[PDB]
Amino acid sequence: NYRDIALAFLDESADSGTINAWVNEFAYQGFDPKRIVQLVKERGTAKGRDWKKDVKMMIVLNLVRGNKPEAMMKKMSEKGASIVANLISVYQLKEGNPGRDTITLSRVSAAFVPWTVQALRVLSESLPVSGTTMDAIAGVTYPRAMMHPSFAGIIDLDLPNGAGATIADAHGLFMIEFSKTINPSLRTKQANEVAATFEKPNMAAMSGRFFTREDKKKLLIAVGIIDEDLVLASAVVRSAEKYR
């Protein structure tokens, strides 16, 4: 009968190689970092622009005004809103979370994370969640580099002695306060309830294939998250503790 067909699957092949190949091909992917790095350089250069300057502007714009380019234009200076109007036109910018071939301010920050991680140190007080606010929650001075969701793309979870998990918990402390500020609906809700709202896309970002373990290592050292002896920074271990 058909029960025999289903039971016959006990002797059917289950190759860990081809299964993990399928897992990677089927896994959660909000957007392709390779595609938007490509679409930025191609669209920006075709419109004869310093696309490298535009990404720095789009990252500054994202960090301080959000991911709604059309909305932020109305409540901005005439000179500033003229730049934003040009950035929307050239890079075909959109709001929220659209398709894989669509560029958003949040995505530019995510794919070009080696610059966004630098920019965070100079405009920490102009952020939705200010640096001083974040310093009060953590106790010790919270790492400015971690003060944006795009930091997740730098986290290497497979780091020896479970260092990557401690970093993910440290960054989660910010993510909770960030979510409460972005959507005030979650301001009264419990800490673990808010943690589950960003758990899936952050995990997908940390498990990213764009930057290698070695690239992530160099980036994590560069912004002082880990010392030369691969040991974590004292503020990062405090933020992971306060996360619970």
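Numbers follow the displayed sequence, beginning with 1.
The PDB entry reports B-factors from which the mean C-alpha value can be compared for 225 to 233 and 19 to 27; the larger average falls on 225 to 233. The stretch with the higher mean CA B factor, choosing between 149 to 157 and 135 to 143, is 135 to 143.
For the set 163, 127, 71, 85, the PDB entry assigns the largest Cα B-factor to 163. You'll see in the entry that, of 58, 196, 64, 175, the Cα B factor peaks at 196. Split the chain's modelled residues into thirds by C-alpha temperature factor. Residue 205 is in the middle one.
For residue 170, the recorded CA temperature factor ranks within the highest third of the chain's modelled residues. Per the deposited record, the Cα B-factor of residue 39 falls in the lowest third when ranked against the other modelled residues of its chain. When the modelled residues of the chain are ordered by their C-alpha B factor, residue 8 lands in the lowest third. Residue-level temperature factors show residue 216 in the middle third of its chain, judged at the C-alpha atom.
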